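First come two forms of one protein chain, each written alone as C-alpha cells, so that there is a structure 1 and a structure 2.
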Structure 1
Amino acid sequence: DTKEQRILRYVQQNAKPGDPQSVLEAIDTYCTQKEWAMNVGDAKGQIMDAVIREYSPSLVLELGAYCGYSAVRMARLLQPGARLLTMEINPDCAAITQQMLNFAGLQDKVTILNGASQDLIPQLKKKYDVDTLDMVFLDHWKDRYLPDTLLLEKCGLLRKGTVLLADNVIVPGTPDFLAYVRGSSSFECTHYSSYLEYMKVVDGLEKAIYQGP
C-alpha cells in the first residue's frame, strides 16, 4: 500500500467517527511519529482557521486535496449552509479525501472533484452551479498557482473581495505567483509567517484579496 492509504487506515484505527478534531489529531500524530506528509499541518492550519473565521466564506474552493486534512480543517469551521469544493487530480487521493471527510462527518459540506484544476475550473459555473467564489485555498503543484489564478479570473469566478490563501509561498515557494500578486493592483496582499508542516523550517501563507478588474 501507499503512504496515503496508511494515513487513512491509521485514522480509521485511532480517531472517532463524526469528530473532525480527532481526525486532525490522528493525522498529525501519524505524520509526526511515523511518516512525514504534505498536509498543511497544525501551525499553518491555525492561521487558516483564523482566516476562515474572519471572513466566514459561503463558498470555498480548494486546489489540492491529498488525504483531506485541509478539507477537514476548513469544512469544520464553515457556517451552516456554507460549502467547500475541493479539486484533486490523483484519483486515489480523491477517494481517500472522500473517505476522510466521510469519517469526519463533514461529507454534506464538501464536494470532492476528481480531476485537474485546469480542466475543472472552466466547468464550475455550468456543472456545479457556481456564481463566484468567496475564498480559494491554493495548495497544489506550485507551477499551477499563477495559471489557475489567471484562469479563475478569466472564467468570472472571482469577485471584488474574494480571498486567495496560498500555502507554501516560502517552501517550496511559488515565485511567479508571489511576484505577480504582490505586484498587481488587482490584489491586496498580506504575508503570514509560519513553519513547514512537521518541520522546524520557516514557511508562510500569502493572503491575496482580489480587487476586481
Structure 2
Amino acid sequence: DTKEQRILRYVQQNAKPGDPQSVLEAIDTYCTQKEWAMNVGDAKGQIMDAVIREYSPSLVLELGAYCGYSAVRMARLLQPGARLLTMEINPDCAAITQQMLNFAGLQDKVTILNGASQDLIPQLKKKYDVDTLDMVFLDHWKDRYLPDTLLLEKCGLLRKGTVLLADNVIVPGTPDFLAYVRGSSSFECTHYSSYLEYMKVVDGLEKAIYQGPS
C-alpha cells in the first residue's frame, strides 16, 4: 500500500534470504526503476562502507532508520560482538526496518529504538547501559543535526575518537551544523562529495571526529 511496504515486499521476493548485499541491491534496483529521488547514489554507500571499515566501531548509533537501508549497510560490516542502535520516530518505518533486518539476518546485531532522538539520547546511559558511542550516523531531520550533536556531548556519550558521519549536509543542507563542527576545536572534520542522480546535484557527507571537551 505504502512506498515502504512495497520496497519490503520487493526485497522479500527478489533478494536472497540471509545475504545483506542482495538486500541492499534489491533496494537499489527498486528505487532505480520505481521511485524518484529517495537519495539515489553510489558515492554515499562507498563512503559509509569505508568509514566503518576504517574505524571498526564497536557500538554505532544511527539517527533515522527509514526502511533500514543504512542499518543493513552498516551492520553488515560490523565485527562479531559489535552493535548498532538505530532511533526511528515513526513506528511504521521501525516495523519495516525490523523486517528488513530479519530478512538480512542482521537482527542480532541491531537494536531499533522507537522514539524521537531528542527524547531517547538522554536515556542511553541509564536505560540502555551505554558508556560511550564509537560512531554516530546522523541521517534524520536536518534541523536536529546540530541540536543532537550538542545533546550527545552534554550527555557524555562522545569520547576522543568518536566518529560523527552526517549525511545530506549540502542538500537540502545543514549549514549550522557544519559551521559548528568545523569551527569547534572539539571536532576534526572531513567533507566527502556525494552526487545524487535524480536531482543531479553534488550533496555531501561530513565526517567529524570528536577530540574531547574544549
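Residues that one form lacks are left out of the comparison. Throughout, residue numbering runs from 1 along the sequence of structure 1. Here the rigid core means the biggest group of C-alpha atoms that line up within 1.5 Å when the two forms are laid on top of each other.
Exercise. In a fit on the core, which one among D42, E153, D49, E188 has a Cα that moves 2 Å or more between the two structures?
Worked result: Only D42 moves by 2 Å or more at its C-alpha.
Exercise. Just checking, between the two structures and with the core aligned, does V202 shift 2 Å or more at the CA?
Worked result: Comparing the forms between the two structures, which are aligned on their rigid core, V202 does not shift its C-alpha by 2 Å or more.
For this session: Can you read me the CA shift for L24 between the two structures, rigid core superposed, in Å?
Result: That residue's C-alpha sits 0.2 Å away in the other form.
For this session: With the core fitted, just quote the Cα shift at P172 between the two structures, in angstrom to one decimal.
Result: Reported C-alpha shift between the two structures: 1.2 Å at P172.
Problem set entry | Regions of at least 3 residues displaced between the two structures by 2 angstroms or more (CA, core superposed) | After superposition, residues 36-43, 196-200 shift as runs.
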